[PDB]
Each structure stands twice: as C-alpha cells, then as structure tokens.
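protein_14.txt follows; it contains compact mmCIF, C-alpha atoms.
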```
# COMPACT_ATOMS: atom_id res chain seq x y z
CA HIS A 1 5.80 210.71 10.36
CA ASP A 2 5.48 214.03 12.18
CA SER A 3 1.67 213.91 11.97
CA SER A 4 1.76 210.98 14.40
CA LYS A 5 4.00 213.01 16.72
CA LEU A 6 1.76 216.08 16.42
CA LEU A 7 -1.50 214.22 17.05
CA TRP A 8 -0.02 212.47 20.08
CA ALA A 9 1.02 215.89 21.36
CA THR A 10 -2.48 217.13 20.51
CA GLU A 11 -3.79 214.16 22.48
CA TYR A 12 -1.35 215.14 25.24
CA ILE A 13 -2.83 218.64 25.12
CA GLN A 14 -6.23 217.04 25.77
CA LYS A 15 -4.90 214.44 28.23
CA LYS A 16 -3.27 217.14 30.37
CA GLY A 17 -6.43 219.25 30.44
CA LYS A 18 -4.56 222.30 31.73
CA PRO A 19 -2.59 225.25 30.32
CA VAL A 20 0.93 223.80 30.22
CA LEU A 21 3.87 225.51 28.54
CA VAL A 22 5.03 224.78 24.99
CA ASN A 23 8.54 223.77 26.06
CA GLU A 24 7.07 221.83 28.99
CA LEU A 25 4.82 219.96 26.56
CA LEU A 26 7.93 219.49 24.42
CA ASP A 27 9.54 218.05 27.56
CA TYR A 28 6.39 216.01 28.25
CA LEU A 29 6.59 214.65 24.69
CA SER A 30 10.39 214.48 25.29
CA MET A 31 11.60 213.53 21.80
CA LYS A 32 9.28 216.06 20.09
CA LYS A 33 11.26 219.27 19.63
CA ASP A 34 10.13 220.39 16.17
CA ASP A 35 8.57 223.73 15.28
CA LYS A 36 6.10 222.83 12.51
CA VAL A 37 3.83 221.08 15.02
CA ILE A 38 3.63 224.34 16.98
CA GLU A 39 2.63 226.02 13.71
CA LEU A 40 -0.38 223.72 13.48
CA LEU A 41 -1.00 223.99 17.23
CA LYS A 42 -2.24 227.59 17.12
CA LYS A 43 -3.85 226.75 13.77
CA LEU A 44 -5.87 224.00 15.49
CA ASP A 45 -9.32 225.32 16.36
CA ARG A 46 -10.00 222.69 19.04
CA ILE A 47 -6.73 223.21 20.95
CA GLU A 48 -6.83 226.92 21.75
CA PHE A 49 -3.06 227.50 21.77
CA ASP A 50 -3.11 231.12 22.93
CA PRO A 51 -0.02 233.33 22.46
CA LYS A 52 -0.14 234.48 26.11
CA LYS A 53 2.47 231.99 27.44
CA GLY A 54 1.50 228.31 27.46
CA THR A 55 -2.30 228.14 27.32
CA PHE A 56 -3.81 224.88 26.07
CA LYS A 57 -7.62 225.04 26.01
CA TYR A 58 -9.85 222.37 24.48
CA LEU A 59 -13.13 222.99 22.65
CA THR A 60 -16.06 220.55 22.20
CA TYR A 61 -18.78 221.79 24.56
CA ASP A 62 -17.80 224.50 27.02
CA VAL A 63 -21.15 224.23 28.85
CA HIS A 64 -19.83 223.14 32.25
CA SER A 65 -22.86 224.66 34.06
CA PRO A 66 -26.66 224.20 34.04
CA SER A 67 -27.01 227.91 33.29
CA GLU A 68 -24.84 227.34 30.23
CA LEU A 69 -26.91 224.23 29.53
CA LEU A 70 -30.18 226.18 29.36
CA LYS A 71 -28.61 228.52 26.81
CA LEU A 72 -27.66 225.41 24.86
CA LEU A 73 -31.33 224.40 25.00
CA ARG A 74 -32.21 227.88 23.75
CA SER A 75 -29.53 227.49 21.06
CA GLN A 76 -31.20 224.56 19.26
CA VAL A 77 -34.56 226.31 18.79
CA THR A 78 -36.21 224.85 15.64
CA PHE A 79 -32.95 223.13 14.69
CA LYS A 80 -31.74 219.72 15.90
CA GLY A 81 -30.79 218.04 19.18
CA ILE A 82 -27.42 216.63 20.22
CA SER A 83 -26.79 213.55 22.36
CA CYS A 84 -24.57 214.04 25.43
CA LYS A 85 -21.06 212.99 24.39
CA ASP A 86 -19.72 216.53 24.09
CA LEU A 87 -21.42 217.35 27.40
CA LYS A 88 -19.78 214.57 29.43
CA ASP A 89 -16.34 215.62 28.16
CA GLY A 90 -16.80 219.35 28.69
CA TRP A 91 -18.29 218.64 32.12
CA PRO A 92 -17.85 215.61 34.40
CA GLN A 93 -21.15 213.98 35.49
CA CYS A 94 -24.14 215.30 33.54
CA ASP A 95 -26.87 212.68 34.03
CA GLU A 96 -27.09 213.56 37.73
CA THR A 97 -27.52 217.20 36.68
CA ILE A 98 -30.39 216.05 34.44
CA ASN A 99 -32.13 214.50 37.46
CA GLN A 100 -31.78 217.73 39.43
CA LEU A 101 -32.87 219.81 36.41
CA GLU A 102 -36.18 218.01 36.12
CA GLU A 103 -39.48 219.45 34.81
CA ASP A 104 -38.54 220.54 31.24
CA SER A 105 -35.11 221.80 32.35
CA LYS A 106 -33.25 218.80 30.92
CA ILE A 107 -35.59 216.69 28.79
CA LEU A 108 -32.83 214.19 28.06
CA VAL A 109 -33.25 210.63 26.80
CA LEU A 110 -33.31 207.87 29.42
CA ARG A 111 -32.34 205.13 26.95
CA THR A 112 -31.49 202.43 29.50
CA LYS A 113 -29.93 202.01 32.94
CA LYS A 114 -27.40 199.77 31.19
CA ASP A 115 -26.97 202.62 28.69
CA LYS A 116 -26.82 204.94 31.74
CA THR A 117 -29.49 207.19 30.13
CA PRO A 118 -27.99 208.04 26.71
CA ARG A 119 -29.20 211.63 26.95
CA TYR A 120 -30.46 214.04 24.28
CA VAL A 121 -30.96 217.78 23.88
CA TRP A 122 -34.56 218.83 24.56
CA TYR A 123 -36.57 221.02 26.94
CA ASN A 124 -40.31 221.65 27.10
CA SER A 125 -42.09 224.16 29.34
CA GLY A 126 -43.46 222.03 32.19
CA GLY A 127 -42.00 218.64 31.30
CA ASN A 128 -42.68 216.67 34.48
CA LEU A 129 -46.21 217.04 35.94
CA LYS A 130 -46.09 213.39 37.01
CA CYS A 131 -49.08 213.56 39.39
CA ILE A 132 -51.17 211.70 36.80
CA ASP A 133 -51.67 208.21 38.21
CA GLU A 134 -51.14 205.18 36.00
CA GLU A 135 -54.73 204.16 36.72
CA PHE A 136 -55.64 207.35 34.87
CA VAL A 137 -53.28 206.32 32.06
CA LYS A 138 -54.98 202.94 31.49
CA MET A 139 -58.46 204.49 31.42
CA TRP A 140 -57.07 207.07 28.98
CA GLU A 141 -56.03 204.21 26.69
CA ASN A 142 -59.15 202.05 27.10
CA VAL A 143 -61.33 204.46 25.10
CA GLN A 144 -62.27 203.74 21.48
CA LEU A 145 -63.27 206.66 19.35
CA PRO A 146 -66.04 207.01 16.75
CA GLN A 147 -64.04 208.75 14.05
CA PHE A 148 -64.75 211.32 11.30
CA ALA A 149 -67.85 213.48 11.83
CA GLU A 150 -69.40 211.11 14.39
CA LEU A 151 -67.60 212.55 17.42
CA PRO A 152 -68.48 216.17 16.48
CA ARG A 153 -72.08 214.98 16.16
CA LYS A 154 -71.85 213.08 19.45
CA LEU A 155 -70.37 216.21 21.04
CA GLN A 156 -73.57 218.10 20.23
CA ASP A 157 -75.43 215.23 21.90
CA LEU A 158 -72.96 215.57 24.79
CA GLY A 159 -72.74 219.37 24.91
CA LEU A 160 -69.75 220.51 22.84
CA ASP B 1 -9.81 187.75 -50.33
CA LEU B 2 -12.30 184.99 -51.11
CA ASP B 3 -11.71 184.09 -54.76
CA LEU B 4 -12.33 181.31 -57.26
CA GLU B 5 -9.64 178.90 -58.47
CA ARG B 6 -11.23 177.19 -61.48
CA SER B 7 -14.79 175.96 -60.77
CA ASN B 8 -14.13 173.31 -63.41
CA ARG B 9 -12.54 170.35 -61.62
CA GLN B 10 -15.26 167.85 -62.56
CA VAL B 11 -15.58 165.16 -59.89
CA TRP B 12 -17.99 162.33 -59.13
CA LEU B 13 -19.73 161.23 -55.94
CA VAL B 14 -20.25 157.61 -54.89
CA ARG B 15 -22.21 156.11 -51.98
CA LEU B 16 -20.46 153.18 -50.33
CA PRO B 17 -21.27 150.49 -47.77
CA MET B 18 -20.14 151.01 -44.21
CA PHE B 19 -17.35 148.44 -43.92
CA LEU B 20 -15.21 149.74 -46.78
CA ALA B 21 -15.59 153.52 -46.49
CA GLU B 22 -14.90 153.60 -42.75
CA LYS B 23 -11.90 151.38 -43.45
CA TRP B 24 -10.64 154.16 -45.74
CA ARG B 25 -10.70 156.78 -42.95
CA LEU B 26 -6.25 152.01 -54.49
CA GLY B 27 -8.17 149.70 -56.82
CA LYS B 28 -8.77 149.58 -60.58
CA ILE B 29 -12.02 150.82 -62.09
CA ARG B 30 -12.94 148.93 -65.27
CA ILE B 31 -15.20 151.00 -67.53
CA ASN B 32 -17.05 148.87 -70.09
CA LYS B 33 -18.95 150.92 -72.66
CA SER B 34 -22.80 151.33 -69.92
CA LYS B 35 -21.85 148.82 -67.22
CA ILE B 36 -18.65 149.53 -65.29
CA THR B 37 -17.03 147.76 -62.32
CA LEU B 38 -14.02 147.86 -60.00
CA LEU B 39 -11.01 145.58 -59.64
CA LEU B 40 -10.37 146.06 -55.94
CA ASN B 41 -6.92 146.17 -54.38
CA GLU B 42 -6.36 143.02 -52.36
CA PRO B 43 -10.69 142.24 -53.28
CA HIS B 44 -14.19 141.56 -54.58
CA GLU B 45 -15.88 143.14 -57.59
CA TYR B 46 -18.90 145.44 -57.39
CA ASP B 47 -21.06 147.28 -59.91
CA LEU B 48 -21.70 151.03 -60.06
CA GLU B 49 -25.05 152.62 -60.88
CA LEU B 50 -25.73 156.08 -62.28
CA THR B 51 -27.72 157.65 -59.46
CA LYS B 52 -28.43 160.82 -61.46
CA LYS B 53 -27.37 162.03 -64.89
CA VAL B 54 -28.25 165.72 -64.70
CA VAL B 55 -26.19 166.75 -61.68
CA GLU B 56 -26.04 170.46 -62.49
CA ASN B 57 -26.10 173.14 -59.77
CA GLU B 58 -23.83 170.85 -57.70
CA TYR B 59 -20.16 171.69 -57.18
CA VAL B 60 -17.25 171.12 -54.76
CA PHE B 61 -15.33 173.61 -52.59
CA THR B 62 -12.79 173.51 -49.76
CA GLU B 63 -11.76 175.72 -46.85
CA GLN B 64 -8.42 176.46 -45.19
CA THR B 65 -18.20 188.97 -38.70
CA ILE B 66 -14.93 187.05 -39.05
CA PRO B 67 -14.29 185.85 -42.62
CA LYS B 68 -11.97 182.96 -43.45
CA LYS B 69 -10.05 181.58 -46.42
CA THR B 70 -12.23 180.12 -49.19
CA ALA B 71 -10.93 177.65 -51.78
CA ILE B 72 -13.24 176.87 -54.69
CA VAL B 73 -12.29 173.51 -56.19
CA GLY B 74 -14.59 172.42 -59.01
CA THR B 75 -17.87 170.93 -60.14
CA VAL B 76 -19.66 167.59 -59.99
CA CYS B 77 -19.76 165.59 -63.22
CA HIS B 78 -21.99 162.58 -62.42
CA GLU B 79 -23.79 160.83 -59.55
CA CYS B 80 -22.71 157.31 -58.61
CA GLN B 81 -23.40 154.55 -56.09
CA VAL B 82 -21.61 151.25 -55.42
CA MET B 83 -23.81 148.15 -55.62
CA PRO B 84 -22.49 144.70 -54.58
CA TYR B 85 -17.99 135.45 -51.46
CA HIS B 86 -21.26 137.38 -51.48
CA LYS B 87 -22.84 134.87 -49.09
CA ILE B 88 -20.15 135.64 -46.50
CA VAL B 89 -21.24 139.29 -46.42
CA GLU B 90 -24.82 138.05 -46.14
CA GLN B 91 -23.59 135.92 -43.25
CA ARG B 92 -21.92 139.09 -41.98
CA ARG B 93 -25.28 140.80 -42.40
CA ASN B 94 -26.83 137.85 -40.55
CA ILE B 95 -24.20 138.21 -37.82
CA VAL B 96 -25.37 141.81 -37.34
CA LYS B 97 -28.67 140.45 -35.97
CA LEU B 98 -26.98 138.83 -32.95
CA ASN B 99 -25.13 141.58 -31.08
CA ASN B 100 -26.56 142.80 -27.77
CA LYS B 101 -25.55 143.90 -24.28
CA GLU B 102 -24.85 142.25 -20.95
CA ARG B 103 -26.87 141.66 -17.81
CA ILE B 104 -26.65 142.87 -14.23
CA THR B 105 -24.27 140.78 -12.12
CA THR B 106 -25.38 139.39 -8.76
CA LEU B 107 -23.21 139.70 -5.65
CA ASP B 108 -23.26 136.19 -4.20
CA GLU B 109 -21.75 135.94 -0.72
CA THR B 110 -22.89 135.89 2.90
CA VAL B 111 -24.47 139.35 2.37
CA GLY B 112 -23.54 140.87 5.74
CA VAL B 113 -19.93 141.27 4.66
CA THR B 114 -21.15 143.48 1.83
CA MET B 115 -23.94 144.88 4.00
CA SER B 116 -21.51 146.01 6.71
CA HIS B 117 -20.22 148.86 4.56
CA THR B 118 -23.71 150.34 4.15
CA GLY B 119 -24.54 151.93 7.50
CA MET B 120 -22.01 152.41 10.27
CA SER B 121 -18.65 150.70 9.71
CA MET B 122 -16.09 152.78 11.72
CA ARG B 123 -13.89 153.20 8.62
CA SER B 124 -14.00 156.99 8.30
CA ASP B 125 -12.72 159.31 5.53
CA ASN B 126 -10.26 157.32 3.30
CA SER B 127 -10.84 160.12 0.76
CA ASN B 128 -9.70 163.67 0.01
CA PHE B 129 -13.00 164.96 -1.38
CA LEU B 130 -14.33 168.19 0.18
CA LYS B 131 -12.61 168.29 3.57
CA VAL B 132 -12.01 172.11 4.00
CA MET B 133 1.30 196.45 20.92
CA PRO B 134 2.25 199.83 22.37
CA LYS B 135 0.15 202.92 21.73
CA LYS B 136 2.85 205.14 20.22
CA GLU B 137 4.50 202.22 18.41
CA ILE B 138 1.41 200.90 16.62
CA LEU B 139 0.33 204.45 15.75
CA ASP B 140 3.72 205.01 14.11
CA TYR B 141 3.10 201.96 11.93
CA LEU B 142 -0.46 203.22 11.40
CA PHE B 143 0.81 206.60 10.23
CA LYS B 144 3.24 204.69 8.01
CA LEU B 145 0.25 202.69 6.75
CA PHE B 146 -1.85 205.84 6.33
CA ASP B 147 0.97 207.39 4.28
CA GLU B 148 0.64 204.61 1.69
CA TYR B 149 -3.13 204.05 1.69
CA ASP B 150 -5.38 206.38 3.68
CA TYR B 151 -8.86 205.42 2.42
CA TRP B 152 -8.48 201.72 3.21
CA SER B 153 -10.72 199.18 4.92
CA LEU B 154 -9.92 197.57 8.26
CA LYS B 155 -10.35 194.03 6.92
CA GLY B 156 -7.05 193.94 5.04
CA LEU B 157 -5.56 196.23 7.68
CA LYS B 158 -6.09 193.57 10.35
CA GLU B 159 -4.50 191.15 7.86
CA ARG B 160 -1.53 193.37 6.93
CA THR B 161 -0.77 194.22 10.56
CA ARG B 162 -1.86 190.96 12.30
CA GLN B 163 -0.60 192.21 15.67
CA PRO B 164 -2.70 193.47 18.60
CA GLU B 165 -6.01 194.07 16.83
CA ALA B 166 -7.66 195.46 19.98
CA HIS B 167 -4.81 197.95 20.28
CA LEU B 168 -5.12 198.46 16.52
CA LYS B 169 -8.84 199.18 16.92
CA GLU B 170 -8.11 201.60 19.76
CA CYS B 171 -5.56 203.51 17.69
CA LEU B 172 -7.93 203.48 14.69
CA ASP B 173 -10.45 205.47 16.74
CA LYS B 174 -7.70 207.54 18.41
CA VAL B 175 -5.91 209.54 15.69
CA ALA B 176 -8.07 208.45 12.74
CA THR B 177 -11.65 209.01 11.60
CA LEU B 178 -13.20 205.93 10.00
CA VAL B 179 -15.59 206.94 7.21
CA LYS B 180 -18.83 204.95 7.47
CA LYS B 181 -20.55 204.86 4.06
CA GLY B 182 -19.89 206.38 0.65
CA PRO B 183 -17.03 205.17 -1.55
CA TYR B 184 -14.43 204.93 1.25
CA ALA B 185 -16.52 202.69 3.51
CA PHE B 186 -14.84 201.63 6.78
CA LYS B 187 -11.86 203.78 5.76
CA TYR B 188 -9.91 205.97 8.17
CA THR B 189 -9.30 209.70 7.70
```
So, in terms of structure tokens, how does the structure I just supplied come out?
Amino acid sequence: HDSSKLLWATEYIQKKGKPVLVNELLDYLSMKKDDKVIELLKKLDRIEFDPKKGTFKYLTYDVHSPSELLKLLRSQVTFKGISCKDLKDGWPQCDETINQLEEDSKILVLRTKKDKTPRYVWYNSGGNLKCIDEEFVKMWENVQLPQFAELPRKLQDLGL
Amino acid sequence: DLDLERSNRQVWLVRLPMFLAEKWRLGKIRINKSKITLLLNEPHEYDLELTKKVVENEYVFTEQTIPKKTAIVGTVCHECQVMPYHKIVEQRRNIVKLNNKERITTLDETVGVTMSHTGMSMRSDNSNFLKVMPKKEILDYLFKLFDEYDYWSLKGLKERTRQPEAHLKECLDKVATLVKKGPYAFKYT
C-alpha cells in the first residue's frame, strides 16, 4: 500500500520540521522512490510542498508569537474558542507565555497542575485585577437578597 | 379442495367400560328382534341399550389461514351403550378402593455420617455444572487491514491482529482518524 508509504513520508515531513529536499526525503525514506506520492505532496494543504526547491512547511497554528496570539484572540470574536493543542505544536512552550501574558492577554484555562493547565482561547479587557482579598470574597457571598421588587423598594429606603 | 365423499356411511356409537376399550388401543354381535347382545372373542356377554333413537344432525368425518385436507365419511345411525363372572368384576371394582401411595422413608444411621455432607466436607466440585511490533511494519498490516475494511471497530481489530496492541493503538492514532459516534463508531478513517 502506497498510502502507508506516503503518510509515513508525510509524517517524516512533520518529524523533520525543516525544508528538506524531495530527493533527500526520498533518501530519508530510502525505499520510497515513487512519483505519485509527490503528486499528493503539493496537493496536501498541511504540508506546504512549495515548488521553490525542497520546502516542507507544516500548517496547524502558525502563531509562534504572542503578537500573533493576540490576533488569534481577535480572530475568534463572537465565534468559538480553541484549546491549546495546535498552539503547543506550532510553538514550543505556551503555558509559560500565558503566565507572562496575564491580565486578559491570555485568559486560558488552568484545568489542573496535573493537566498542566489545559488552556483555552479567551481574552477579556482587564482580566486579572487580583487585589480583591478573599476576605472580601467571603463577605460578598455571605449576603442573602430580598428578591423581586423588594430590593428596588429597599433601595429607595437606602437611597437608590 | 375440501369436498364430500358420500355423507351416507351410517355408523353407530357405543360407550364402553374402561378396561376393554383401552385394551383395544373381534367378537360376534347377536341381534335378537329389541334386546341384542355380544358373543365376545375369547369372553363374557353384555347387553346394549339404545341411548338415543333420533340421532339426526350427527355425522362422522375424518382428516388427512392454512387449510388442510378434509375427508367426509358418513352419518350416525343410532346411539348405543354397553351395559354389563360378574362378581369378579365387582371384586375388581372393590379392588379399586384399595390403591394408594407410599410414605416418606426415614434415614436410620448414626446421623453424623449423613450430617457430614451438609456443611463443610472438603469434597469440592465433583460436578461439571456451571464452572466457566515495529511502527512501519504494523502500519503496513494496518493499511492492508484498512484496504479490506476501513470503517471497522477496534474490538475485532485487536482480536484479528492480536499482536502489540499498544503499538496498534499508537498506529491507530498515527495515520488513522477514529470516528467517535454516528454509524461508524470507533472506526478509523
């Protein structure tokens, strides 16, 4: 099956991670010397097999920079939000970059330390603002509210 | 093709005692003209009564939605009943009021020999009742397996291969895309 030989060469195009030559990849695959796999190589959208000599470029997520990452955050406006699996392959070490891009610059998803923060795609406007003490958080949650029209009526007794 | 043969074979119908009819499962009938009898093949002699004279709307048929083969014999001509060493049959009727059943036996030993098999006895069972790979090499067999059946589950695939299943699971995520739900559930693509 030539599809097994082509996908292993396509894996070798991703395992090399550089722009190697077509005959050199044929020498790296050794026994693979066919021409129909090269016909599907330029036809492959992920493996950018350019005609200018041997150029093997992968796809996935090309955002290898935080400046590219902010445009990715501006890309998903009122759409969805990806995880981080395409990010860690298009760029080595991203969760450290999330820690440096704090305050709504990389509103990720700290799932677990054991999960090594399984990140997500989000960004607010201020994000952090963590000067609120947890003593203020408990008193914020210890308040019961008279619902419906009572609290508007109690606001007129209070002032608003 | 249910049809009628004659509907004219006039027969009779006699009620018998139990000992003679169930034996039958060729005598001589003497007809004296209004009190008939039977010379039995040997042995005793019995008298017949006319159970009913008008026996109309009563006939006789045989048999060889799903229909089946119908065979219409004939009619019924008269109603009859057999009436009966007569004291021996009365003694045989008296012997019928004597049959019964048995009683529960009693196991009569030193008990603990029989009682030892109840709980623990260290005599177990004695019965048969309800006892109950390289990366490029395995991928070449996987592409050979994907050429035959592509949308196939991994349960029979781990059975059909039965080699390095961890290396089989690594190659299944390598150059194949396992479809989660839908019709081809857990099926590579």
Point (-10.6, 176.3, -50.6) neighbourhood (10 Å, only C-alpha atoms) written as a list in words | residues 2, 3, 4, 5, 60, 61, 62, 63, 64, 68, 69, 70, 71, 72 and 73 of chain B
I need the chosen residues saved as a PDB file, in the coordinates of the input, with C-alpha atoms.
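Once everything was written out, this is part-v9.pdb:
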```pdb
ATOM      1  CA  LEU B   2     -12.300 184.990 -51.110  1.00  0.00           C
ATOM      2  CA  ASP B   3     -11.710 184.090 -54.760  1.00  0.00           C
ATOM      3  CA  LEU B   4     -12.330 181.310 -57.260  1.00  0.00           C
ATOM      4  CA  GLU B   5      -9.640 178.900 -58.470  1.00  0.00           C
ATOM      5  CA  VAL B  60     -17.250 171.120 -54.760  1.00  0.00           C
ATOM      6  CA  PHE B  61     -15.330 173.610 -52.590  1.00  0.00           C
ATOM      7  CA  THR B  62     -12.790 173.510 -49.760  1.00  0.00           C
ATOM      8  CA  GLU B  63     -11.760 175.720 -46.850  1.00  0.00           C
ATOM      9  CA  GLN B  64      -8.420 176.460 -45.190  1.00  0.00           C
ATOM     10  CA  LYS B  68     -11.970 182.960 -43.450  1.00  0.00           C
ATOM     11  CA  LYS B  69     -10.050 181.580 -46.420  1.00  0.00           C
ATOM     12  CA  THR B  70     -12.230 180.120 -49.190  1.00  0.00           C
ATOM     13  CA  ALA B  71     -10.930 177.650 -51.780  1.00  0.00           C
ATOM     14  CA  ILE B  72     -13.240 176.870 -54.690  1.00  0.00           C
ATOM     15  CA  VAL B  73     -12.290 173.510 -56.190  1.00  0.00           C
TER      16      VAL B  73
END
```
Return the neighbours of chain A among the residues of chain B, cut-off 12 Å, counting only C-alpha atoms, as a count of residues only.
-> 18
Tell me which protein, DNA and RNA residues are within 10 Å of segment 38-49 of chain B, counting all atoms listed in the file, leaving out same-chain ones fewer than 2 positions away, and put them as a PyMOL selection string.
-> chain B and resi 14-15+26-31+34-36+51-52+79-86
Per residue of segment 41-83 of chain A within 10 Å of segment 93-100 of chain A, record the nearest atom pair and its distance in Å to one decimal, counting all atoms listed in the file, with rows in chain order and ascending residue number, as JSON lines.
```
{"residue": "A:64", "atom": "CA", "partner": "A:94", "partner_atom": "CA", "distance": 9.0}
{"residue": "A:65", "atom": "CA", "partner": "A:97", "partner_atom": "CA", "distance": 9.2}
{"residue": "A:66", "atom": "CA", "partner": "A:97", "partner_atom": "CA", "distance": 7.5}
```
What lies within 8 Å of residue 75 of chain B using only C-alpha atoms, ignoring chain neighbours under 3 positions off, as a ChimeraX atom specification?
-> /B:7-11,58-60
Do a neighbour search on residue 74 of chain A at 12 Å with all atoms listed in the file, toss out local chain neighbours closer than 3 positions, and write the hits as a ChimeraX atom specification.
-> /A:67-71,77-81,105-106,121-125
How about saving the chosen residues, C-alpha atoms kept, as a PDB file, keeping the file's coordinate frame?
```pdb
ATOM      1  CA  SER A  67     -27.010 227.910  33.290  1.00  0.00           C
ATOM      2  CA  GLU A  68     -24.840 227.340  30.230  1.00  0.00           C
ATOM      3  CA  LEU A  69     -26.910 224.230  29.530  1.00  0.00           C
ATOM      4  CA  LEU A  70     -30.180 226.180  29.360  1.00  0.00           C
ATOM      5  CA  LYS A  71     -28.610 228.520  26.810  1.00  0.00           C
ATOM      6  CA  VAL A  77     -34.560 226.310  18.790  1.00  0.00           C
ATOM      7  CA  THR A  78     -36.210 224.850  15.640  1.00  0.00           C
ATOM      8  CA  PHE A  79     -32.950 223.130  14.690  1.00  0.00           C
ATOM      9  CA  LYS A  80     -31.740 219.720  15.900  1.00  0.00           C
ATOM     10  CA  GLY A  81     -30.790 218.040  19.180  1.00  0.00           C
ATOM     11  CA  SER A 105     -35.110 221.800  32.350  1.00  0.00           C
ATOM     12  CA  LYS A 106     -33.250 218.800  30.920  1.00  0.00           C
ATOM     13  CA  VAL A 121     -30.960 217.780  23.880  1.00  0.00           C
ATOM     14  CA  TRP A 122     -34.560 218.830  24.560  1.00  0.00           C
ATOM     15  CA  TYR A 123     -36.570 221.020  26.940  1.00  0.00           C
ATOM     16  CA  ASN A 124     -40.310 221.650  27.100  1.00  0.00           C
ATOM     17  CA  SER A 125     -42.090 224.160  29.340  1.00  0.00           C
TER      18      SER A 125
END
```
Point-to-point distance in Å for atom CA of residue 90 of chain A and atom CA of residue 18 of chain A |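 If I compute the distance from atom CA of residue 18 of chain A to atom CA of residue 90 of chain A, I get 13.0 Å.
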Straight-line distance linking atom CA of residue 59 of chain A with atom CA of residue 86 of chain A, stated in Å to one decimal =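 That distance, rounded to one decimal, is 9.3 Å.
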Distance in Å - atom CA of residue 159 of chain A versus atom CA of residue 129 of chain A =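 Pair atom CA of residue 159 of chain A / atom CA of residue 129 of chain A returns 28.8 Å.
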Contacts of residue 9 of chain A at 10 Å or less, counting all atoms listed in the file, minus same-chain residues fewer than 2 places along, as a VMD selection string?
-> chain A and resid 3 to 7 11 to 15 25 to 26 28 to 29 32 37 to 38 41
Identify which of the residues B:152, B:188, B:12, B:129 lies closest to residue 53 of chain B, counting only C-alpha atoms when measuring atom-to-atom distances.
->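 Among the listed residues, B:12 lies closest to residue 53 of chain B.
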Please identify all polymer residues within 12 Å of residue 45 of chain A, counting all atoms listed in the file, omitting same-chain residues fewer than 2 positions from it, and present them as a PyMOL selection string.
-> chain A and resi 10+40-43+47-50+56-60
Now that the selection is made, can you save its residues with C-alpha atoms as a PDB file, in the frame of the given file?
```pdb
ATOM      1  CA  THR A  10      -2.480 217.130  20.510  1.00  0.00           C
ATOM      2  CA  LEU A  40      -0.380 223.720  13.480  1.00  0.00           C
ATOM      3  CA  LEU A  41      -1.000 223.990  17.230  1.00  0.00           C
ATOM      4  CA  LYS A  42      -2.240 227.590  17.120  1.00  0.00           C
ATOM      5  CA  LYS A  43      -3.850 226.750  13.770  1.00  0.00           C
ATOM      6  CA  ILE A  47      -6.730 223.210  20.950  1.00  0.00           C
ATOM      7  CA  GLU A  48      -6.830 226.920  21.750  1.00  0.00           C
ATOM      8  CA  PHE A  49      -3.060 227.500  21.770  1.00  0.00           C
ATOM      9  CA  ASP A  50      -3.110 231.120  22.930  1.00  0.00           C
ATOM     10  CA  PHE A  56      -3.810 224.880  26.070  1.00  0.00           C
ATOM     11  CA  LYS A  57      -7.620 225.040  26.010  1.00  0.00           C
ATOM     12  CA  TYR A  58      -9.850 222.370  24.480  1.00  0.00           C
ATOM     13  CA  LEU A  59     -13.130 222.990  22.650  1.00  0.00           C
ATOM     14  CA  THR A  60     -16.060 220.550  22.200  1.00  0.00           C
TER      15      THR A  60
END
```
Please complete segment 28-39 of chain B so it has N, CA, C and O atoms, and hand it over as a short mmCIF file (atom, residue, chain, number, x, y, z; two decimals), in the coordinates of the input.
```cif
data_model
loop_
_atom_site.label_atom_id
_atom_site.label_comp_id
_atom_site.auth_asym_id
_atom_site.auth_seq_id
_atom_site.Cartn_x
_atom_site.Cartn_y
_atom_site.Cartn_z
N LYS B 28 -8.82 149.38 -59.13
CA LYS B 28 -8.77 149.58 -60.58
C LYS B 28 -10.19 149.57 -61.12
O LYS B 28 -10.84 148.52 -61.11
N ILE B 29 -10.66 150.72 -61.58
CA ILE B 29 -12.02 150.82 -62.09
C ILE B 29 -12.03 150.44 -63.56
O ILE B 29 -11.39 151.09 -64.39
N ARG B 30 -12.76 149.38 -63.89
CA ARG B 30 -12.94 148.93 -65.27
C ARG B 30 -14.21 149.59 -65.81
O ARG B 30 -15.29 149.43 -65.24
N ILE B 31 -14.07 150.31 -66.92
CA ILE B 31 -15.20 151.00 -67.53
C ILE B 31 -15.50 150.31 -68.86
O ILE B 31 -14.75 150.43 -69.82
N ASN B 32 -16.61 149.58 -68.89
CA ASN B 32 -17.05 148.87 -70.09
C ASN B 32 -18.18 149.67 -70.72
O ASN B 32 -19.22 149.89 -70.09
N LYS B 33 -17.97 150.11 -71.96
CA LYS B 33 -18.95 150.92 -72.66
C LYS B 33 -19.87 150.06 -73.52
O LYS B 33 -19.90 148.84 -73.37
N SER B 34 -21.85 150.73 -70.84
CA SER B 34 -22.80 151.33 -69.92
C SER B 34 -22.91 150.50 -68.65
O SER B 34 -23.90 150.58 -67.92
N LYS B 35 -21.89 149.69 -68.39
CA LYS B 35 -21.85 148.82 -67.22
C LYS B 35 -20.40 148.69 -66.76
O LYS B 35 -19.65 147.87 -67.31
N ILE B 36 -20.02 149.47 -65.76
CA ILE B 36 -18.65 149.53 -65.29
C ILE B 36 -18.53 148.70 -64.01
O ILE B 36 -19.54 148.28 -63.44
N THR B 37 -17.29 148.46 -63.58
CA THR B 37 -17.03 147.76 -62.32
C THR B 37 -15.71 148.21 -61.71
O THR B 37 -15.12 149.20 -62.15
N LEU B 38 -15.24 147.48 -60.70
CA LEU B 38 -14.02 147.86 -60.00
C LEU B 38 -13.23 146.61 -59.63
O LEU B 38 -13.74 145.73 -58.94
N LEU B 39 -11.99 146.56 -60.10
CA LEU B 39 -11.01 145.58 -59.64
C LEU B 39 -10.42 146.13 -58.36
O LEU B 39 -9.65 147.10 -58.38
#
```
